[PDB]
Ligand SMILES: *Cc1cc2c(cc1C)nc1c(=O)[nH]c(=O)nc-1n2C[C@H](O)[C@H](O)[C@H](O)COP(=O)(O)OP(=O)(O)OC[C@H]1O[C@@H](n2cnc3c(N)ncnc32)[C@H](O)[C@@H]1O
Ligand SMILES: *Cc1cc2c(cc1C)nc1c(=O)[nH]c(=O)nc-1n2C[C@H](O)[C@H](O)[C@H](O)COP(=O)(O)OP(=O)(O)OC[C@H]1O[C@@H](n2cnc3c(N)ncnc32)[C@H](O)[C@@H]1O
Ligand SMILES: Oc1ccc(C(F)(F)F)cc1
């Protein structure tokens, strides 16, 4: 196609068309869409941000391209280098709340890796691992295990929803709820296409499988891996895998994620905490239980409106437009049989072991007045525990999508600071976020997901995307929370396209030495700067800061 | 001082003298040694390799320098860049079997960071972590916990011996035997001096502690860290921490390791395996127990000569010079009440939990004929279980040093391939390593340390350092094993100064793309190539390969 809405920096219309006709040459017209609609969670947009905070055409592509295979990524990269054309690599593009598929720089080509590079490449039982392409979603992998009856030997680890990409998510450092919840840390053996176009495989993925007749003459992308590849991440020398998570260092084509074997015994559960300030005693209780391993998985401490919103929109609870009051929160708590804060967990293993742990657990949370213990069966048909019962055993759902519909044309945006595992700190962080949320006229809706020694605080800001005024209120809230949290010693672990620079300016110890050194490595390997300029505040030398930061 | 035995590449004697007098200016004469003795494990040498395979002066320093503090490292770096002088940073220099303190390039300055930068900087109980300078040894941190009665709240994780440096070892990716065995993976928040000279702190060590009166005006090296620094390793953006493990990317000044909490119940144990081929069944049994978590720590499967060597030199078992026979191995096994292969482990936790796990463990290992279960008390006064009982609970020892004295002027050299957690593979690797060992006139002595999905096979070659003929035999064996293992799909995880280029040539998938990409990053940040040129086969652009590879 011919005249796009936005073009990339310094490129001419004649240049765009020579490039696109070249890309059409390589991947067929069926795999290249020019842009001369927000969609859903089932048919994800690939051109812009669907949960749009800035204007709707603010972060938008010039064309979308779907490589049919690894060589196609090599061809497109050389062309991007020929013309200086910035690319934006997505796997599924389901990063809503962080931008979705949109490119940080308008005019880029979005690289739809997933549409054709789809395959579960290997599921190895003795190694208890799998090897996946960008396009394998969580659901997809789950159906792969079920079609080969692997469900009885190996389990998955899913975030809250089922449409994400196993790899896309893992390269973002996302989180899940089984004992294998730190997705990125369960990776081992990635394959990458660099900016120059060369294929690289990490760790022991660099040790080649020995020559044998059946594998002779296969292109590099299509060769097998040597035995240790997906069993030990480190290989030899500098361990470079992290330069490929939350970065613009290369295009990820394949990855190995470790799978947890069926533990032969599972029991999900729910502890309800009666009052808004029981968060302080609860987090003090979780600390030693987490650190001592009575708490096997990644427990979540959810805020009442988070469960409530799954169950119904705000109009269904009050016709009010201002933030619901404290007492209306207590009111909803009791209608659902939930507390003010809800703790979701699970016990894994033989009966004998679960029993002892569940006893210490119950017994510890008993020192909190009015506390109450529930297993799925003890709760309503539509409950959140019934849904998390599947979530905490690797089975993918879609139910939690409904909280996004809290307000009319609801869109979410995550504010994700990290806090210690201490009641005092947790309260202090919540205090600070609640106050700003009220000032902007928004209900506070969050959850803490409990790591070993840290807590991911996901403040879930939901808002009406057709409201100009509130869209500006959310932009004012987001930046204010970034800054206040920084003045209290907390940083965010992940963000949306528009807060990237700001959030990265926050990590400025010693005069910004952490971004400086990121800038050096990025120019070294990406001299024409075509691989995702902007990602995480890291800009190649030819994109001036003054012109592009936000 | 004025005339060193060896000078660094392209430096003149007048250049060396100006440099050294400038360094004496900064750190005092008491801290700079010029080299115009192999020492021990108690007074480690810092000029060369004590467990020397090549000629003794082959890997040697021009001078040794001990910075008094971080600023001194900054000052020495700037002079190393003024003059183009290679530096080799050590913490303790106890890397014997891998080179000790020696520099890959002769004529370098050895940077003794340890001699003055010694402090346990913080031990935080609620966060269950610690902060350490190069110079804190394992023993040292152990004595720090005892002096403040922290031994009843927090435990350490030690490798076989106690003199290593908590940080030096962790940047090497070394291993230990409690559940916190993977050293490197327990780190969180490093401070680095880069080649350019700028200070950098990683992860959330990049988010600065908020301004307060008590901390104003402190130099960067001396500032506190923000609260999450040592509790979540990832920060935001690209996760650069691995570029500082097993690499020449910068000089490590401080690090944060995570400390296991006293688990309130401990029991160490020994399972003896009667026959040389029971290694196949044993590893098949270990697989599901490890992956299912009944095996809590990092279990070790040791070879009979490894325990026997701790107990006595070879002259004490046979006056023979040739490798001991199969039947003499069985002979020794029975004198010591050990098997042919010995499995060491530990159970952590309340009584109720240990009990169920110990039952599954025993019961699984019962399908191996003649098997026999021992707790420490059940064994002699001088046994290895008695020693490992302290090892598997974080208490530092020095007993296992005796195996180096297997032969007269015994020195060790490690050959460290990685194998699957499968009996078949294990046998195959052992097969291949036993035959080559027999061809060189050497006893096979090794152990496998059991990771979640992989095994570190440490073939412990010991040899007489004054023997010219055997010294060449050890050089012939080392390279042959490198190549054979690579022809069988296995790579080594760590190595000595002389095999470094060889081993890295082994990880050549896709025409050596993994070292190419390491070369790009290294030149980007180290333009005058003065931080440890050669480490892990990674050479800066001005050290021609043809002149320096081995
Ligand atoms: C709306 C929502 C989101 C959500 C969630 C609950 C709700 C209601 N719960 C989450 C959870 O529990 N854990 C979690 O990690 N995320 C959660 N989210 C957010 C989001 O839905 C998921 O994270 C989702 O899996 C992320 O999207 P997907 O995996 O589909 O992503 P993507 O945009 O394609 O990729 C994300 C970004 O990563 C980089 N990327 C992706 N692929 C590549 C390749 N091949 N190479 C290089 N970089 C790549 C890009 O920067 C991209 O934009
Ligand atoms: C002889 C021996 C060795 C041994 C062992 C048993 C015996 C009998 N058991 C070990 C075990 O169970 N686990 C293990 O990991 N190692 C074991 N070893 C080997 C060795 O003794 C230990 O690994 C020892 O702790 C390593 O030495 P140390 O920690 O004292 O040494 P280092 O030379 O100072 O540092 C090693 C290398 O790391 C890089 N390095 C070190 N410090 C820095 C800083 N500050 N910045 C950048 N790089 C650094 C260098 O490459 C250096 O040479
Ligand atoms: O990065 C994240 C992690 C968790 C969540 C959720 F759904 F649990 F809140 C959202 C975004």
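Residue numbers (PDB author numbering), protein chains in the order written: chain B, 6 to 41, 47 to 560; chain A, 6 to 41, 47 to 560.
Cβ atoms here follow ideal geometry from the backbone N, Cα and C, with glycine treated the same way.
(1) Start and end of the alpha helix (DSSP H) containing residue 523(A)?
(2) Please classify residue 555(B) as buried or exposed, where buried requires at least 16 other C-beta atoms within 10 Å of its C-beta.
(3) Check whether the region 292–306 of chain B touches the region 422–437 of chain B, counting contact only when three or more Cβ pairs, one atom from each stretch, lie closer than 8 Å.
(4) Any idea which residues DSSP pairs residue 351(A) with across the strands?
(5) To which residues does DSSP link residue 465(B) through a beta bridge?
(6) Just by C-beta distance, which residues in the region 213–233 of chain B are closer than 8 Å to chain A?
(7) Taking residue 267(A) as the query, report the chain B residues whose CB atoms sit under 9 Å from its CB, ordered along the chain.
(8) In this structure, what does DSSP give as the bridge partners for residue 122(B)?
(9) Just to confirm, are residue 386(A) and residue 168(A) a CB contact at a threshold of 8 Å?
(10) Taking C-beta pairs closer than 8 Å, name the residues in chain A that residue 179(B) reaches, listed in chain order.
(11) Are the C-beta atoms of residue 237(B) and some chain A residue less than 8 Å apart?
(12) For residue 153(B), which three-state DSSP category applies?
(13) Leaving aside the five residues before and after residue 242(A) along the sequence, list all residues of the same chain whose C-beta is less than 8 Å from its C-beta, in chain order.
(14) How would you call residue 42(B), buried or exposed, if buried means at least 16 neighbouring beta carbons within 10 angstroms?
(15) State buried or exposed for residue 486(A), treating a residue as buried only when at least 16 other CB atoms are found within 10 Å of its CB.
(16) Which residues have a Cβ closer than 7 Å to any heavy atom of ligand 3, listed in chain order?
(17) Can you find the residues in the same chain that come closer than 6 Å, C-beta to C-beta, to residue 450(B), ignoring five residues on each side of it along the sequence?
(18) Could you give the distance in angstroms between the alpha-carbon of residue 377(A) and the alpha-carbon of residue 96(A)?
(19) Which residue wins for smallest C-alpha separation from residue 302(B), given the options 270(A), 276(A) and 318(A)?
(20) Is any non-hydrogen atom of ligand 2 found closer than 7 Å to the C-beta of residue 123(A), if you look at the structure I gave you?
(21) Where residue 125(A) and residue 309(B) are concerned, what is the direct C-alpha to C-alpha distance, given to the nearest angstrom?
(22) Does chain A have any CB closer than 8 Å to the CB of residue 516(B)?
(23) Grab me the residues of residue 163(B)'s own chain with a C-beta within less than 8 Å of its C-beta, minus the 5 sequence neighbours each way, in chain order.
(24) Kindly list the residues whose CB is nearer than 6 Å to the CB of residue 339(B), restricted to its own chain and excluding five residues on each side of it in sequence; keep chain order.
(25) Would a C-beta distance cut-off of 8 Å place residue 465(A) and residue 414(A) closer than the cut-off?
(26) Can you tell me whether DSSP reads residue 213(A) as helix, strand or coil?
(27) At the 8 Å Cβ level, is residue 160(B) part of the contact set with chain A, yes or no?
(28) Determine the direct distance from the alpha carbon of residue 161(B) to that of residue 170(B), and round the result to whole angstroms.
(29) Just the chain B side, please: which residues come within less than 7 Å of residue 251(A) by C-beta, in chain order?
(30) So, helix, strand or coil for residue 105(A), using DSSP?
(31) Any heavy atom of ligand 5 closer than 7 Å to the Cβ of residue 74(A)?
(32) Between the C-alpha atoms of residue 68(A) and residue 51(A), what's the straight-line distance to the nearest angstrom?
(33) Do we get a CB-CB distance below 8 Å when we pair residue 534(A) with the residues of chain B?
(34) Pick helix, strand or coil for residue 136(B), following the three-state DSSP scheme.
(35) In chain A, which residues lie less than 8 Å from residue 430(B) when you measure between Cβ atoms?
(36) Nearest by alpha-carbon distance to residue 499(B): which of 382(B), 192(B), 221(B) and 439(B) is it?
Reading from the atomic positions:
(1) 519–535
(2) exposed
(3) yes
(4) 283(A) and 313(A)
(5) 429(B) and 460(B)
(6) Taking a C-beta cut-off of 8 Å against chain A, the contacting residues of the region 213–233 of chain B are 214, 215, 216, 217, 218, 219, 220 and 230, listed in chain order.
(7) Those within 9 Å of residue 267(A) in chain B number zero; the least Cβ separation is about 12 Å.
(8) 100(B)
(9) no
(10) None at all; the shortest Cβ gap to chain A is about 14 Å.
(11) yes
(12) helix
(13) Once the five neighbours on either side are set aside, the close Cβ partners of residue 242(A) are 198, 213 and 214.
(14) This structure gives no coordinates for residue 42(B). The numbering of chain B moves from 41 immediately to 47.
(15) exposed
(16) Cβ atoms closer than 7 Å to ligand 3 belong to 107(B), 169(B), 170(B), 184(B), 185(B), 310(B), 410(B), 424(B), 426(B), 457(B), 459(B), 466(B), 468(B), 470(B) and 504(B).
(17) 483 and 487
(18) 57 Å
(19) 270(A)
(20) yes
(21) Going from the Cα of residue 125(A) to the Cα of residue 309(B) covers about 44 Å.
(22) Yes, contact with chain A.
(23) Taken in chain order, the residues that qualify are 135, 271 and 272.
(24) 314
(25) no
(26) Note: residue 213(A) maps to helix in three-state DSSP.
(27) no
(28) 19 Å
(29) Simply 252.
(30) In this structure, residue 105(A) counts as coil in the three-state DSSP scheme.
(31) Only ligand 1, ligand 2 and ligand 3 can be found as ligands here, which leaves ligand 5 out of the picture.
(32) 20 Å
(33) Nearest CB-CB separation between residue 534(A) and chain B: below the 8 Å threshold.
(34) coil
(35) 136, 137, 237, 238 and 241
(36) 439(B)
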